[PDB]
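> Structure in structure tokens, see below.
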Amino acid sequence: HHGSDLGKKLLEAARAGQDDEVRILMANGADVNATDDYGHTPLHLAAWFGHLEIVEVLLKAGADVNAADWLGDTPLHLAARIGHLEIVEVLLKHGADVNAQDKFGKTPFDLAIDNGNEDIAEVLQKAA
Amino acid sequence: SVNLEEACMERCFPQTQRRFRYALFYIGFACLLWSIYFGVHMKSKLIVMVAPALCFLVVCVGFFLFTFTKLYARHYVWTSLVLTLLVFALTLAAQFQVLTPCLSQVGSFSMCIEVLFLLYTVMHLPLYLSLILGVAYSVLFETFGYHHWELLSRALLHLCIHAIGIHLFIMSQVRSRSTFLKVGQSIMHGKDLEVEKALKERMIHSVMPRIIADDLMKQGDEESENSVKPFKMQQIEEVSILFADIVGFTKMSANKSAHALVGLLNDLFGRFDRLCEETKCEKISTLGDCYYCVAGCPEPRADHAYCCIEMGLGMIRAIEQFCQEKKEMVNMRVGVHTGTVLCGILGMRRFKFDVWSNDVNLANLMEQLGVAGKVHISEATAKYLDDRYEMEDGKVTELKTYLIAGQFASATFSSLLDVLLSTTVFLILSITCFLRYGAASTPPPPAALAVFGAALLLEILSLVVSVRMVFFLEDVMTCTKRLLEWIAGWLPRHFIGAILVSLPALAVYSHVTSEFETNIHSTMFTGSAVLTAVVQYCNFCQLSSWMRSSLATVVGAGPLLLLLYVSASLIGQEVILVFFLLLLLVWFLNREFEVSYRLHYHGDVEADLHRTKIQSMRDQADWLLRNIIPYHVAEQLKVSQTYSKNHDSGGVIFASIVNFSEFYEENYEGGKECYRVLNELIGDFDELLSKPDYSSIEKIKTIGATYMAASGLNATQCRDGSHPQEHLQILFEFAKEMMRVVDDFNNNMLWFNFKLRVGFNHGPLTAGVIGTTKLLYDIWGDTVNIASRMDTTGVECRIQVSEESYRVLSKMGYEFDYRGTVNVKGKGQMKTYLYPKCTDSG
């Protein structure tokens with residue numbers, strides 16, 4: 001970008017969950033789909049930390065729905081391997097993909113079974 | 001520079017002989033057209049001239065057919081001397097028989113100028129010598145033109161024509177030197193660059209097997225071979241994982257010459273390479289008292305296990321034939337095990353080709369459970385033993401295993417030089433043109449002083465242009481320089497120079513506008529001077545050829561075909577002949593010289609090409625060296641056959657990724673990208689290694705996912721300015737820092753914190769180098785396997801430390817918590833500590 005630190009601080013905000021700082025950086029026009037060195041997106045840092053309110057303020061900022069990390073895993077794969085159903089729902093409403101897979105060859109659905117997160121594995125049985 | 005600048009002329013010969021051949025031809029044509037002139041138009045009243053003409057013709061063609069002879073290849077100097085003296089005499093004699101009133105002095109002067117040239121350009125005569133001959137000829141001819149102004153006017157014409165003579169000389173001489181020299185350097189680079197290719201290929205293939213380096217030496221994906229100033233990993237099934245450790249190594253390595261064991265070991269391993277090449281198996285690495293190859297990795301072989309096992313058996317014969325040779329009876333345990341393995345490369349520093357799987361550690365274990373002399377094979381191996389050997393259900397004497405016992409001259413220097421030339425000679429030319437004035441005291445004609453001033457202006461400003469593009473004094477402003485010179489490119493130079501060397505012809509034309517022909521001395525004179533000026537059109541050679549020469553023709557001669565229309569009568573005919581032939585000269589002479597400059601520019605392009613190409617290959621291959629071997633030690637095989645050395649204190653640390661083995665789960669096909677992540681951190685480690693505060697640290701290699709480090713070894717120069725015991729301190733500091741590094745790394749790794757267990761020892765060691773026609777570095781001694789067992793039995797996130805290293809670092813000040821005194825193989829109990837203090841709740 002052109003001074004993509006407003007996006008870097010955006011990444012740290014989406015990760016640690018700095019609520020008002022999100023609003024501030026999006027007021028600062030921060031790079032909504034800025035990524036780290038490892039391809040992670042604010043959705044990646046969010047699902048890791050479970051700030052669903054911040055997930056939604058980022059959706060106000062407007063990042064991607066099916067972005068994957070440099071490790072090919074989307075935050076759908078993350079949340080499958082996490083267990084926060086309520087955070088999963090907002091992306092199915094945002095139109096996530098059901099039949100895709102990460103660079104590891106399994107549909108993110110089975111990643112719920114990775115932790116046995118049947119809460120979200122159920123949600124992924126509904127759509128196709 | 002004598003013996004060399006002999007071969008120089010010995011190489012530049014055939015062009016010189018070509019020039020001689022053409023000059024001969026031209027002399028022929030000139031004397032002959034003189035003859036037909038004298039035999040038809042005028043001078044039908046004597047043979048005193050024409051028989052000399054034809055005799056000169058025939059002696060010339062005699063030289064001409066001569067030039068192919070063998071007792072001339074070293075005598076072109078003396079041959080030219082002969083010919084030039086001959087033509088000297090010819091011209092002067094065909095001159096003296098004048099000054100009665102029917103052969104003009106201008107014709108004599110054409111002869112003078114032209115022979116003076118073909119003395120300068122083509123003769124290839126020594127500078128001093130061609131010079132003295134030029135001036136002697138000059139003065140003598142002008143005297144034989146004598147038998148208070150006009151005389152010295154003609155003398156000045158001689159002077160200027162000698163000027164352009166010598167300048168033209170030294171220019172052509174240094175040019176055909178420089179091109180020779182650059183072609184010399186170019187061929188040096190040809191051979192030197194093939195050589196560096198060979199060396200770089202050697203080193204590369206001594207770090208990766210055949211197929212992979214063959215694959216990556218075509219650089220089909222140009223972005224991968226940028227780490228060589230990245231790579232791909234592949235998983236292969238049905239492999240043969242052979243091992244070996246020197247049984248009782250410490251004992252058979254109790255006391256050696258720090259070189260003896262080195263050498264004999266080199267011997268054994270060269271043997272084992274000689275074995276694998278026959279079994280077509282890929283040797284892989286050597287861990288100290290160990291060694292191991294693999295098989296079936298690049299090409300899974302139908303009988304990969306067979307080549308492997310029979311190769312091992314051959315190693316048994318090799319080891320016994322050396323034990324009963326140098327009288328040291330230590331064979332080696334052998335563990336063989338099949339299965340699947342993902343191979344590839346990791347790291348960017350000291351990185352090497354390697355392999356990873358459970359099967360890897362499995363074969364190592366089956367080695368540890370292997371009996372000295374025989375192999376503890378697996379059932380995964382036995383699945384196609386085809387029962388052709390000594391199969392025995394070898395089990396631990398304490399799963400599905402068996403025991404088998406067998407059976408100058410810069411193209412901008414030329415600019416200032418030849419513009420100096422044009423300006424000074426135009427100067428003295430117009431000096432003459434004025435010097436005609438003894439009858440009209442103040443110089444009347446207006447166009448004269450007009451063009452004189454105009455030329456003075458242009459020449460002096462352009463000369464200053466050049467002197468400041470050369471010596472860069474910056475009188476007034478500097479940014480303006482980069483702006484205006486910028487214009488003077490390939491074409492603007494064209495036209496500035498066109499005007500710049502045209503101006504002396506116009507100089508001489510300024511004085512002629514008057515009616516003068518009534519005096520025929522003035523016409524004779526101005527004819528002489530215009531032919532001088534037209535000869536000045538040879539100098540500016542960094543310009544075009546056809547253009548500059550056609551400008552010569554037109555704007556030197558055309559106006560004399562114009563004063564052909566002042567009708568001073570048939571002197572017109574003699575002048576059109578002399579200019580016809582003189583112009584023939586200037587044409588072919590000039591085009592030849594532009595060939596010379598063209599070729600010199602080319603032969604500097606190409607030498608620069610190979611210059612940067614050798615620099616590319618040199619940085620590449622030398623840095624590849626520093627990839628494999630450190631520099632200080634890099635001297636000793638560059639200069640000798642081998643190297644070895646003892647260090648009595650060097651810290652060694654392993655570091656593995658234990659919880660990788662879990663997050664290894666191969667739900668992803670191949671697990672490759674997990675190893676990509678490992679490699680990520682390995683890089684992040686090399687990133688450390690390149691730090692100068694990390695100077696004394698040396699990664700030794702990367703085994704599995706481990707990390708071998710050492711220190712206190714390179715910097716032998718004990719200066720007053722340090723405390724030698726520092727190396728362990730900065731070492732362990734680096735250790736703690738990379739420990740923080742894996743943490744930082746894990747802040748990024750999704751929902752996984754990869755933890756590392758680290759061991760330690762310090763003390764004596766042996767540095768050594770193994771491969772020849774290959775290369776490998778390594779260390780031995782107590783300390784290596786000591787710390788190896790340490791981190792083999794360490795607890796993660798807590799730096800295990802050897803007791804005496806614990807002591808030296810405690811007396812350095814570092815905080816440690818006791819771990820336990822656990823038995824050490826071959827050593828007994830040993831007090832272990834951990835560095836992390838209250839890192840956990842316990």
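Identifiers in the structure tokens: chain A, B, ... in order shown; residue index from 1 per chain; ligand index from 1 in order shown.
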Contacts from chain B to chain A, 8 Å maximum, only C-alpha atoms: show me the residue list as a list in words.
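Listed by rising number, the hits are residues 667, 668, 669, 671, 673, 748, 750 and 751 of chain B.
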> Neighbouring residues of range 484-489 of chain B were defined as those with any atom within 9 Å, considering only C-alpha atoms; residues of the same chain fewer than 6 positions away were excluded. Please report them as a tab-separated table (two decimals) with N, CA and C atoms, in the first residue's frame.

```
chain	number	residue	atom	x	y	z
B	465	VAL	N	32.76	23.32	-24.14
B	465	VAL	CA	31.81	22.24	-23.90
B	465	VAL	C	32.56	20.95	-23.61
B	469	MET	N	32.98	18.70	-20.23
B	469	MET	CA	32.47	17.34	-20.15
B	469	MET	C	33.59	16.38	-19.79
B	496	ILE	N	26.28	19.14	-34.88
B	496	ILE	CA	27.27	20.07	-34.38
B	496	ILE	C	28.61	19.76	-35.00
```
> Which value, in Å to one decimal, gives the distance between CA of residue 805 in chain B and CA of residue 687 in chain B?
26.6 Å
> Write out as a CSV table (one decimal) with N, CA and C atoms, in the first residue's frame the residues lying within 10 Å of residue 30 in chain A, counting only C-alpha atoms and excluding same-chain residues fewer than 5 positions away.

```csv
chain,number,residue,atom,x,y,z
A,4,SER,N,1.2,1.3,4.7
A,4,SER,CA,0.2,0.4,5.2
A,4,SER,C,0.4,0.0,6.6
A,5,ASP,N,0.6,1.0,7.5
A,5,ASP,CA,0.6,0.7,8.9
A,5,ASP,C,-0.7,0.9,9.6
A,6,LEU,N,-1.5,1.9,9.1
A,6,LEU,CA,-2.9,2.1,9.5
A,6,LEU,C,-3.6,0.8,9.3
A,7,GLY,N,-3.2,0.0,8.3
A,7,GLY,CA,-3.7,-1.4,8.2
A,7,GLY,C,-3.0,-2.4,9.1
A,8,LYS,N,-1.7,-2.1,9.5
A,8,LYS,CA,-1.0,-3.0,10.4
A,8,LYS,C,-1.7,-2.8,11.8
A,9,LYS,N,-1.8,-1.5,12.2
A,9,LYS,CA,-2.5,-1.3,13.5
A,9,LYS,C,-3.9,-1.7,13.4
A,10,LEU,N,-4.5,-1.7,12.2
A,10,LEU,CA,-5.8,-2.3,12.0
A,10,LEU,C,-5.8,-3.8,12.4
A,11,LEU,N,-4.7,-4.5,11.9
A,11,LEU,CA,-4.6,-5.9,12.2
A,11,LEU,C,-4.5,-6.2,13.7
A,22,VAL,N,-10.9,0.4,16.7
A,22,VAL,CA,-11.5,0.0,15.3
A,22,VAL,C,-12.2,1.2,14.7
A,23,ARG,N,-13.1,1.8,15.4
A,23,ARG,CA,-13.9,2.9,14.9
A,23,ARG,C,-12.9,4.1,14.5
A,24,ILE,N,-11.9,4.2,15.3
A,24,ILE,CA,-10.9,5.3,15.1
A,24,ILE,C,-10.2,5.1,13.8
A,25,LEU,N,-9.6,3.9,13.6
A,25,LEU,CA,-8.8,3.6,12.4
A,25,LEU,C,-9.7,3.6,11.2
A,61,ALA,N,-16.3,-1.9,8.3
A,61,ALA,CA,-15.1,-1.6,7.5
A,61,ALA,C,-15.1,-2.3,6.1
```
> Need to verify the contact set: range 239-247 of chain B, 6 Å, only C-alpha atoms, exclusion of same-chain residues closer than 5 positions in sequence. Can you return it as a list in words?
residues 289, 290, 291, 292, 293, 294, 295, 296, 305, 330, 332, 333, 334, 335, 336, 337, 338 and 339 of chain B
> Just N, CA and C atoms for this one: save the residues we selected as a compact mmCIF listing (two decimals), in the first residue's frame.

```txt
# COMPACT_ATOMS: atom_id res chain seq x y z
N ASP B 289 29.75 -39.36 14.85
CA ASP B 289 30.07 -40.78 14.91
C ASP B 289 29.14 -41.61 14.06
N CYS B 290 28.35 -40.97 13.21
CA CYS B 290 27.37 -41.64 12.39
C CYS B 290 27.56 -41.28 10.93
N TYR B 291 26.58 -41.72 10.15
CA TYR B 291 26.52 -41.57 8.70
C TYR B 291 25.19 -42.16 8.29
N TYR B 292 24.67 -41.74 7.15
CA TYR B 292 23.55 -42.49 6.60
C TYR B 292 23.22 -42.11 5.17
N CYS B 293 22.81 -43.08 4.39
CA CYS B 293 22.26 -42.81 3.08
C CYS B 293 20.76 -43.03 3.14
N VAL B 294 20.14 -42.93 1.97
CA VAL B 294 18.74 -43.27 1.77
C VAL B 294 18.68 -43.93 0.39
N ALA B 295 17.49 -44.37 0.00
CA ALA B 295 17.26 -44.94 -1.32
C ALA B 295 15.80 -44.74 -1.68
N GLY B 296 15.49 -44.81 -2.97
CA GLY B 296 14.12 -44.73 -3.40
C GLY B 296 13.48 -43.36 -3.24
N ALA B 305 15.19 -51.28 -1.36
CA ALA B 305 15.65 -51.96 -0.16
C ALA B 305 16.82 -52.87 -0.46
N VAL B 330 36.47 -51.35 14.91
CA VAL B 330 35.15 -50.80 15.21
C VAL B 330 34.30 -50.85 13.95
N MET B 332 30.08 -50.94 12.65
CA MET B 332 29.01 -50.01 12.91
C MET B 332 27.66 -50.72 12.97
N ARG B 333 26.86 -50.30 13.95
CA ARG B 333 25.47 -50.69 14.01
C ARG B 333 24.77 -50.26 12.73
N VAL B 334 23.70 -50.95 12.38
CA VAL B 334 22.98 -50.64 11.16
C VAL B 334 21.49 -50.78 11.42
N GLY B 335 20.74 -49.72 11.14
CA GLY B 335 19.30 -49.79 11.20
C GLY B 335 18.69 -49.50 9.86
N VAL B 336 17.84 -50.40 9.38
CA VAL B 336 17.18 -50.25 8.09
C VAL B 336 15.68 -50.24 8.33
N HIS B 337 14.97 -49.39 7.61
CA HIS B 337 13.54 -49.23 7.83
C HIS B 337 12.94 -48.54 6.63
N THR B 338 11.76 -49.01 6.22
CA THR B 338 11.08 -48.48 5.05
C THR B 338 9.85 -47.70 5.49
N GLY B 339 9.07 -47.27 4.52
CA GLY B 339 7.90 -46.46 4.74
C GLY B 339 7.93 -45.26 3.83
```
> One number please: CA of residue 563 in chain B to CA of residue 427 in chain B, in Å, one decimal.
24.5 Å
> Any idea what's packed within 10 Å of residue 472 in chain B, counting only C-alpha atoms, ignoring anything in its chain fewer than 6 positions away? Could you give it as a list in words?
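Contacts, with the query itself left out: residues 466, 478 and 481 of chain B.
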> Which of these, B:677, B:742, B:450, B:435, has the shortest distance to residue 655 in chain B once you count only C-alpha atoms?
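Going through B:677, B:742, B:450, B:435 one by one, the smallest distance to residue 655 in chain B is for B:742.
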> Which of these, B:315, B:821, B:207, B:190, has the shortest distance to residue 284 in chain B once you count only C-alpha atoms?
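Looking at the shortest contact to residue 284 in chain B, the residue is B:207.
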> When distances are computed from only C-alpha atoms, which of B:738, B:800, B:277, B:180 shows the smallest separation from residue 6 in chain B?
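The closest residue to residue 6 in chain B is B:180.
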> Would you return as a PyMOL selection string the members of range 232-359 of chain B that DSSP assigns to alpha helix (DSSP H) on this structure's backbone?
chain B and resi 249-252+260-279+304-326+358-359
> Could the residues in this selection be saved with N, CA and C atoms as a tab-separated table (two decimals), in the first residue's frame?

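Result went into again01.tsv, see below:
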```tsv
chain	number	residue	atom	x	y	z
B	249	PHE	N	32.61	-45.20	19.34
B	249	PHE	CA	33.40	-44.21	18.63
B	249	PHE	C	34.35	-43.47	19.57
B	250	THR	N	33.84	-42.98	20.70
B	250	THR	CA	34.68	-42.23	21.62
B	250	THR	C	35.94	-43.00	21.99
B	251	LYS	N	35.82	-44.32	22.13
B	251	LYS	CA	36.97	-45.15	22.45
B	251	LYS	C	37.96	-45.24	21.31
B	252	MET	N	37.51	-45.63	20.12
B	252	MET	CA	38.40	-45.65	18.96
B	252	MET	C	38.79	-44.25	18.52
B	260	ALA	N	44.41	-37.67	12.18
B	260	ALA	CA	44.42	-39.09	11.85
B	260	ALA	C	43.02	-39.61	11.63
B	261	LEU	N	42.18	-39.47	12.65
B	261	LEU	CA	40.79	-39.90	12.56
B	261	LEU	C	40.10	-39.19	11.41
B	262	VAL	N	40.41	-37.91	11.22
B	262	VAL	CA	39.82	-37.12	10.15
B	262	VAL	C	40.05	-37.85	8.84
B	263	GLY	N	41.31	-38.06	8.52
B	263	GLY	CA	41.72	-38.69	7.28
B	263	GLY	C	41.11	-40.05	7.10
B	264	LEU	N	41.27	-40.92	8.09
B	264	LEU	CA	40.77	-42.28	7.92
B	264	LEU	C	39.27	-42.26	7.72
B	265	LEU	N	38.60	-41.32	8.38
B	265	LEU	CA	37.15	-41.22	8.25
B	265	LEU	C	36.76	-40.75	6.86
B	266	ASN	N	37.47	-39.74	6.36
B	266	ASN	CA	37.30	-39.29	4.99
B	266	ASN	C	37.38	-40.50	4.10
B	267	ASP	N	38.35	-41.36	4.39
B	267	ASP	CA	38.61	-42.55	3.59
B	267	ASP	C	37.38	-43.44	3.59
B	268	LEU	N	36.90	-43.76	4.79
B	268	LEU	CA	35.74	-44.64	4.90
B	268	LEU	C	34.56	-44.07	4.13
B	269	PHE	N	34.36	-42.77	4.25
B	269	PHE	CA	33.16	-42.20	3.66
B	269	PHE	C	33.30	-42.08	2.15
B	270	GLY	N	34.51	-41.87	1.66
B	270	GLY	CA	34.74	-41.90	0.24
B	270	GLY	C	34.47	-43.30	-0.27
B	271	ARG	N	34.89	-44.29	0.51
B	271	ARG	CA	34.52	-45.66	0.22
B	271	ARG	C	33.02	-45.79	0.05
B	272	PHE	N	32.28	-45.24	1.01
B	272	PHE	CA	30.84	-45.47	1.04
B	272	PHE	C	30.15	-44.74	-0.10
B	273	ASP	N	30.71	-43.61	-0.53
B	273	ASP	CA	30.22	-42.97	-1.74
B	273	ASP	C	30.50	-43.85	-2.96
B	274	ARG	N	31.72	-44.37	-3.05
B	274	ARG	CA	32.07	-45.32	-4.08
B	274	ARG	C	31.12	-46.51	-4.10
B	275	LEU	N	30.57	-46.87	-2.95
B	275	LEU	CA	29.56	-47.92	-2.86
B	275	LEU	C	28.19	-47.47	-3.34
B	276	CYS	N	27.71	-46.33	-2.86
B	276	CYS	CA	26.36	-45.92	-3.23
B	276	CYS	C	26.26	-45.69	-4.72
B	277	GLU	N	27.30	-45.12	-5.33
B	277	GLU	CA	27.24	-44.88	-6.76
B	277	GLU	C	27.04	-46.17	-7.55
B	278	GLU	N	27.59	-47.28	-7.06
B	278	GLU	CA	27.34	-48.56	-7.70
B	278	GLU	C	25.96	-49.08	-7.36
B	279	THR	N	25.46	-48.74	-6.17
B	279	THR	CA	24.12	-49.14	-5.78
B	279	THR	C	23.14	-48.05	-6.17
B	304	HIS	N	14.77	-50.94	-4.11
B	304	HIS	CA	15.49	-49.92	-3.36
B	304	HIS	C	16.02	-50.50	-2.05
B	305	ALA	N	15.19	-51.28	-1.36
B	305	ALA	CA	15.65	-51.96	-0.16
B	305	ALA	C	16.82	-52.87	-0.46
B	306	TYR	N	16.84	-53.48	-1.65
B	306	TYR	CA	17.89	-54.44	-1.96
B	306	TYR	C	19.22	-53.74	-2.17
B	307	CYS	N	19.25	-52.72	-3.03
B	307	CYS	CA	20.45	-51.90	-3.15
B	307	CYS	C	20.88	-51.40	-1.79
B	308	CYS	N	19.94	-50.93	-0.98
B	308	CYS	CA	20.26	-50.40	0.34
B	308	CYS	C	20.96	-51.45	1.20
B	309	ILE	N	20.33	-52.61	1.36
B	309	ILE	CA	20.82	-53.60	2.31
B	309	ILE	C	22.12	-54.21	1.83
B	310	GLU	N	22.20	-54.54	0.54
B	310	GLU	CA	23.43	-55.10	0.01
B	310	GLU	C	24.54	-54.07	0.04
B	311	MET	N	24.20	-52.80	-0.16
B	311	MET	CA	25.15	-51.72	0.02
B	311	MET	C	25.68	-51.71	1.44
B	312	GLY	N	24.79	-51.83	2.42
B	312	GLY	CA	25.23	-51.92	3.80
B	312	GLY	C	26.17	-53.09	4.02
B	313	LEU	N	25.82	-54.24	3.47
B	313	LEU	CA	26.68	-55.41	3.59
B	313	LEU	C	28.05	-55.13	3.00
B	314	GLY	N	28.08	-54.46	1.85
B	314	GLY	CA	29.35	-54.04	1.30
B	314	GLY	C	30.10	-53.12	2.24
B	315	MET	N	29.36	-52.26	2.94
B	315	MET	CA	30.00	-51.42	3.95
B	315	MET	C	30.61	-52.27	5.04
B	316	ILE	N	30.00	-53.42	5.35
B	316	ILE	CA	30.57	-54.30	6.36
B	316	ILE	C	31.93	-54.79	5.91
B	317	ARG	N	32.01	-55.21	4.65
B	317	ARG	CA	33.30	-55.63	4.12
B	317	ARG	C	34.29	-54.48	4.13
B	318	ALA	N	33.83	-53.28	3.78
B	318	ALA	CA	34.73	-52.12	3.77
B	318	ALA	C	35.28	-51.85	5.16
B	319	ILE	N	34.40	-51.84	6.16
B	319	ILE	CA	34.84	-51.52	7.51
B	319	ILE	C	35.76	-52.61	8.04
B	320	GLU	N	35.48	-53.87	7.72
B	320	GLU	CA	36.37	-54.92	8.22
B	320	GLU	C	37.71	-54.88	7.50
B	321	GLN	N	37.71	-54.56	6.21
B	321	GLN	CA	38.93	-54.43	5.44
B	321	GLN	C	39.74	-53.21	5.83
B	322	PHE	N	39.13	-52.26	6.54
B	322	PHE	CA	39.92	-51.19	7.13
B	322	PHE	C	40.30	-51.46	8.58
B	323	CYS	N	39.45	-52.15	9.33
B	323	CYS	CA	39.78	-52.52	10.70
B	323	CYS	C	41.01	-53.42	10.72
B	324	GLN	N	41.05	-54.38	9.80
B	324	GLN	CA	42.22	-55.22	9.67
B	324	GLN	C	43.24	-54.58	8.73
B	325	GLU	N	43.11	-53.28	8.51
B	325	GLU	CA	44.08	-52.53	7.72
B	325	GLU	C	44.85	-51.52	8.55
B	326	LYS	N	44.15	-50.59	9.19
B	326	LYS	CA	44.78	-49.63	10.09
B	326	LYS	C	44.75	-50.11	11.52
B	358	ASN	N	8.16	-40.01	10.34
B	358	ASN	CA	8.32	-40.96	11.42
B	358	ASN	C	9.38	-42.00	11.05
B	359	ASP	N	9.27	-42.54	9.84
B	359	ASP	CA	10.20	-43.55	9.35
B	359	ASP	C	11.65	-43.16	9.56
```
> Between B:643, B:78, B:186, B:99, which has the minimum distance to residue 612 in chain B (counting only C-alpha atoms)?
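For residue 612 in chain B, the nearest of the candidates is B:186.
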> What lies within 9 Å of residue 64 in chain B using only C-alpha atoms, ignoring chain neighbours under 4 positions off, as number ranges by chain?
B: 20-21, 24-25, 59-60, 68
> Store the residues of this selection in a file with N, CA, C and O atoms, as an mmCIF file, in the first residue's frame.

```cif
data_model
loop_
_atom_site.group_PDB
_atom_site.id
_atom_site.type_symbol
_atom_site.label_atom_id
_atom_site.label_comp_id
_atom_site.auth_asym_id
_atom_site.auth_seq_id
_atom_site.Cartn_x
_atom_site.Cartn_y
_atom_site.Cartn_z
ATOM 1 N N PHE B 20 48.003 -2.435 -46.314
ATOM 2 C CA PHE B 20 49.120 -2.334 -47.235
ATOM 3 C C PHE B 20 48.686 -2.692 -48.640
ATOM 4 O O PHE B 20 49.081 -2.030 -49.601
ATOM 5 N N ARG B 21 47.877 -3.729 -48.784
ATOM 6 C CA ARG B 21 47.485 -4.140 -50.118
ATOM 7 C C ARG B 21 46.660 -3.061 -50.789
ATOM 8 O O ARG B 21 46.880 -2.735 -51.961
ATOM 9 N N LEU B 24 48.975 -0.071 -51.711
ATOM 10 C CA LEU B 24 49.654 -0.424 -52.943
ATOM 11 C C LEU B 24 48.740 -0.212 -54.124
ATOM 12 O O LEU B 24 49.120 0.442 -55.101
ATOM 13 N N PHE B 25 47.532 -0.763 -54.059
ATOM 14 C CA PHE B 25 46.626 -0.606 -55.182
ATOM 15 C C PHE B 25 46.410 0.859 -55.495
ATOM 16 O O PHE B 25 46.323 1.255 -56.662
ATOM 17 N N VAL B 59 56.932 -2.238 -60.109
ATOM 18 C CA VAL B 59 57.540 -2.584 -58.831
ATOM 19 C C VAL B 59 56.474 -2.631 -57.746
ATOM 20 O O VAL B 59 56.527 -3.460 -56.826
ATOM 21 N N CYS B 60 55.467 -1.768 -57.854
ATOM 22 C CA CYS B 60 54.356 -1.847 -56.925
ATOM 23 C C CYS B 60 53.684 -3.202 -57.010
ATOM 24 O O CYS B 60 53.647 -3.937 -56.022
ATOM 25 N N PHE B 68 52.112 -12.048 -50.144
ATOM 26 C CA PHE B 68 51.694 -13.372 -49.709
ATOM 27 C C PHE B 68 52.852 -14.252 -49.252
ATOM 28 O O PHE B 68 52.617 -15.409 -48.896
#
```
> How far is it from CA of residue 23 in chain B to CA of residue 165 in chain B, in Å with one decimal?
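These two atoms are separated by 16.0 Å.
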> Go through A:89, A:119, A:97, A:20 and flag the residue nearest residue 65 in chain A, using only C-alpha atoms for the distances.
A:97
> I need the residue nearest residue 566 in chain B from this list: B:595, B:92, B:523, B:798. Use only C-alpha atoms for the distance.
B:523
> For range 441-445 of chain B, please output as a ChimeraX atom specification all residues within 9 Å (counting only C-alpha atoms; exclusion window: fewer than 5 positions along the same chain).
/B:434,510-511,513-514
> Output N, CA, C and O atoms for every residue in that selection, as a PDB file, in the first residue's frame.

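Output contents, as saved in again_28.pdb:
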```pdb
ATOM      1  N   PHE B 434      45.020  34.481 -44.182  1.00  0.00           N
ATOM      2  CA  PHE B 434      45.350  35.888 -44.008  1.00  0.00           C
ATOM      3  C   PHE B 434      46.722  36.213 -44.567  1.00  0.00           C
ATOM      4  O   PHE B 434      46.873  37.186 -45.313  1.00  0.00           O
ATOM      5  N   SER B 510      36.479  31.969 -47.656  1.00  0.00           N
ATOM      6  CA  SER B 510      36.282  33.384 -47.401  1.00  0.00           C
ATOM      7  C   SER B 510      37.226  34.237 -48.227  1.00  0.00           C
ATOM      8  O   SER B 510      36.798  35.247 -48.793  1.00  0.00           O
ATOM      9  N   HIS B 511      38.484  33.835 -48.350  1.00  0.00           N
ATOM     10  CA  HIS B 511      39.470  34.653 -49.039  1.00  0.00           C
ATOM     11  C   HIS B 511      39.364  34.583 -50.550  1.00  0.00           C
ATOM     12  O   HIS B 511      39.934  35.433 -51.238  1.00  0.00           O
ATOM     13  N   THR B 513      36.556  34.584 -52.536  1.00  0.00           N
ATOM     14  CA  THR B 513      35.410  35.226 -53.178  1.00  0.00           C
ATOM     15  C   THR B 513      35.844  36.328 -54.140  1.00  0.00           C
ATOM     16  O   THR B 513      35.176  36.571 -55.153  1.00  0.00           O
ATOM     17  N   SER B 514      36.974  36.971 -53.866  1.00  0.00           N
ATOM     18  CA  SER B 514      37.492  38.002 -54.745  1.00  0.00           C
ATOM     19  C   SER B 514      37.785  37.432 -56.127  1.00  0.00           C
ATOM     20  O   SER B 514      37.946  36.226 -56.318  1.00  0.00           O
TER      21      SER B 514
END
```
> Could you pull out the strand (DSSP E) residues of range 247-389 of chain B from DSSP and send them as a list in words?
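Of range 247-389 of chain B, the ones in strand (DSSP E) are residues 282, 283, 284, 285, 290, 291, 292, 293, 294, 332, 333, 334, 335, 340, 341, 342, 343, 344, 345, 353, 354, 355, 356, 375, 376, 377 and 378 of chain B.
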